[PDB]
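Structure at a glance
Given next are the chains, with one letter for each unit.
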Amino acid sequence: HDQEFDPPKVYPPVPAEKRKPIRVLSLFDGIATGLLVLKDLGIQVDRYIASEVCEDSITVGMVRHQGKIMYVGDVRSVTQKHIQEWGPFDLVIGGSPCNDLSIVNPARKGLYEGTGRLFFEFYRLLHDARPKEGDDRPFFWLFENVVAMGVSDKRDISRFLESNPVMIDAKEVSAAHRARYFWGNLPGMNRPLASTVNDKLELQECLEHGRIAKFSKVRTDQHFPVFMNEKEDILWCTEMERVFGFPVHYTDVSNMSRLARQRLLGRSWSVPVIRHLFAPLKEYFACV
DNA sequence: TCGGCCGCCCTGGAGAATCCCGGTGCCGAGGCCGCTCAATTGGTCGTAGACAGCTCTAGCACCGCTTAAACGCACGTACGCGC
Ligand SMILES: Nc1ncnc2c1ncn2[C@@H]1O[C@H](CSCC[C@H](N)C(=O)O)[C@@H](O)[C@H]1O
């Protein structure tokens, strides 16, 4: 599909003597997957600012990052003054809530409802955190969304962000079936999925003991995908974290139920997919 | 992908009812006394029934035919039973 045409801006590599840690703005953070991947790659983080509403996700971040995260409330409360007073950013990330962007809803409300239009909030903060002309600072940005969108919606998003959406499927690097569009200007945006041997490709490596995988991988019949003691059992939450690439026992931070952990892990990013995406940032920024 | 209502399980605390415990009155049961009439004793007959014997009726026992009816098997559908 060639509807628009624009070259991706490739920044020159900075040497090690002018190497600086990253300043990261994370708009729709949720479960703090971005800072988790950044800490796993061994990258020094000078400032991480997450604008999260949901208190369970804020609790996930406060437990798993120990007060490193600077919290904002709603993204509508962020102005241009808040962007220009919190220093210039080096990495902007986010994925808008796809309640009305997904075409799996028969009665979907579209891009221009209060769940979808938050994307434009992103664009506004994309417009504020972007450096002006004449500044050769390497500025990188990343937007995530689902594959189940309309043609006009994806076309308008691609025109607004001015980048080619690469499609990445979790089955090439992890044990999940979800294809996601990624807008951004990272180097090697469409390079193939370098599967890490430490990543759990099959489903059975993500299971616990005493459980047999019925399928080869899981999706995002009135049965259950795991047999347990010759009985079909629901897929566990820690096993869901191992499928989604998270560390073991990650989203157990408060007194939330099983349904809350499902709602948090469903909306979260895939750790291996991000690790692939954030990989070339290591040569552009600080290392630890 | 979303949270707005909606039935389930558990548990907690009001809440009416009931059990338990004394406190006081009350009236009917236990006990004592006269007496009176029926229980008892002694004695006498009369006959109802215990007992021996004889009889003779039918009740049990056995066998042989004879079919009348019970037992078993398949089957199907109509009512029992659950929802
Ligand atoms: N107006 C808003 N501003 C900021 N966050 C919001 C928001 N509305 C919803 N959110 C939260 O932000 C998250 C966006 S949903 C997708 C999250 C993202 N893909 C991830 O990496 O986890 C949701 O968990 C939602 O609870």
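Residues numbered from 1 in each chain as written, not as in the entry; some residues may be left out. Chains lettered and ligands numbered in written order. Part of a larger assembly, values for the part shown. Heavy atoms only, no water.

Another point: helix α1 (residues 33–40). Residues three or four positions apart in an α-helix share a direction because the helix packs 3.6 residues into each turn. Among the eight residues that make up α1, six are buried, leaving the element largely enclosed by the rest of the structure. Every buried residue of α1 is accounted for by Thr-33, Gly-34, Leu-35, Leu-36, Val-37 and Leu-38. Packing partners of the buried residues in α1 comprise β1 (22–26), β2 (45–51), α2 (55–65), β3 (69–72), β4 (91–95) and α8 (271–278). Downstream of α1 by a residue or two, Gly-42 has a phi angle that is positive, lying close to 70°. (Buried < 20%, exposed > 50% of the residue type's maximum accessible area, 1.4 Å probe, protein only. Helix = DSSP H or I, 4+ residues; strand = E, 2+ residues; numbered from the N terminus. Contact = heavy atoms within 4.5 Å.)

Turning our eyes to something else, we now look at the layout of surface pockets. The space that makes up the second largest pocket amounts to roughly 750 Å³. Taken together, the residues of the lining of the second largest pocket sort by class into 13 nonpolar, six polar and eight charged. (1 Å grid on protein atoms, 1.4 Å probe; cavity = no way out; pocket = protein on both sides within 12 Å on 5 of 7 lines; lining within 4 Å. Points joined across faces, edges and corners; volume = space filled by probe spheres on them. Nonpolar A, V, L, I, M, F, W, Y, C, P; charged D, E, K, R; others polar.)

Another point: the site of the ligand. Taken together, 15 residues form the shell around the ligand, and within it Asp-29, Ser-51, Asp-74, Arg-267 and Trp-269 come nearest. In this structure, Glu-144 approaches the ligand through a side-chain N or O atom, which is 3.3 Å from a nitrogen atom. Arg-267 is positioned with one of its backbone polar atoms (N or O) 2.9 Å from a nitrogen atom of the ligand. Summarising the interface, the protein chains cover 90% of the accessible area of the ligand, which totals 570 Å² for the free molecule. A breakdown of the residues in the shell around the ligand according to their chemical character gives seven nonpolar, three polar and five charged. (Near = heavy atom within 4 Å. Polar contact = N/O pair within 3.5 Å; in protein donor to acceptor, adjacent residues only side chain to side chain. Areas by Shrake-Rupley, 256 points an atom, 1.4 Å probe, with all protein chains shown as cover.)

Around DNA strand B lies a shell formed by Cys-98, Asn-99, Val-104, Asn-105, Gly-266 and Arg-267. Here, DNA strand B places atoms within 4 Å of the protein, and 65% of those atoms are sugar or phosphate. In this structure, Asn-99 approaches DNA strand B through a side-chain N or O atom, which is 2.7 Å from a sugar or linking oxygen. One nitrogen or oxygen atom from the side chain of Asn-105 is found 2.6 Å from a base nitrogen belonging to DNA strand B. Here the residues of the surface near DNA strand B sort into two nonpolar, three polar and one charged.

Turning to the UniProt feature "active site" in chain A, a few remarks are in order. Under the local residue numbering, the UniProt record ascribes the feature "active site" to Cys-98. Relative to the assigned elements, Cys-98 resides in the loop between β4 and α4 (118–129). (UniProt positions renumbered as here; feature names shortened; annotations may be inferred.)

Empty space within the largest cavity amounts to approximately 70 Å³. Split by residue class, the lining of the largest cavity holds five nonpolar, two polar and three charged.

Attention now moves to the nonpolar core. Residues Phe-89, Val-92, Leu-161, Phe-182 and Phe-278 are the most contacted members of the largest nonpolar core, which totals 82 residues. Not counting residues up to four positions away in its chain, the partners in contact with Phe-278 are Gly-34, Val-37, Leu-38, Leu-41, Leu-91, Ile-93, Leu-142 and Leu-186. (Core = buried A, V, L, I, M, F, W, Y, C linked by side-chain atoms within 4.5 Å.)

To continue, consider the pairing of strand β5 (residues 140–146). The element β5 is largely enclosed, with a buried count of seven among its seven residues. When β4 meets β5, the two strands line up parallel, connected through five bridges. Across the sheet, the residue bridging to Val-92 is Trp-141, located in β5. Of the crossover connections in this fold, the one passing from β4 over α4 to the parallel β5 is right-handed. Alignment of β5 against strand β8 (residues 179–184), held across five bridges, turns out to be antiparallel. Of the residues in β8, the one forming a bridge with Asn-145 is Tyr-181. (Pairing = 2+ DSSP bridges. Right-handed = clockwise from strand over helix to strand, strands pointing away.)

What follows covers the sheet that holds strand β9 (residues 211–213). The three strands are arranged β9-β11-β12 in an open sheet whose pairing can be described as antiparallel. What marks the edges here is a single partner per strand, and that holds for β9 and β12 (232–233). Two strands pair when backbone bridges link them, and β9 and strand β11 (residues 226–228) are joined in this way by three bridges, in the antiparallel orientation. Bridged to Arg-211 within β11 is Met-228.

Another aspect to go through is the UniProt feature "binding site: S-adenosyl-L-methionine" in chain A. The positions that UniProt labels "binding site: S-adenosyl-L-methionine" are, in the present scheme, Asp-29, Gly-30, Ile-31, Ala-32, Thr-33, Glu-52, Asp-74, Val-75, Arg-76, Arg-267, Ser-268 and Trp-269. As for the lining of the largest cavity, the annotated residues named previously contribute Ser-268 and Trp-269. Its place among the elements puts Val-75 in the loop between β3 and α3 (80–85). Every residue in contact with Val-75, bar those within four places of it in the chain, is listed here: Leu-27, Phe-28, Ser-51, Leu-118, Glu-121, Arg-124 and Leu-125. Tracing the sequence through the fold places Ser-268 in the loop between α7 (258–267) and α8. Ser-268 sits in the buried class, given a relative accessible area of 3%. Excluding residues that lie within four positions of it along the chain, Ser-268 makes contacts with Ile-31, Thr-33, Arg-178, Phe-244 and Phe-246.

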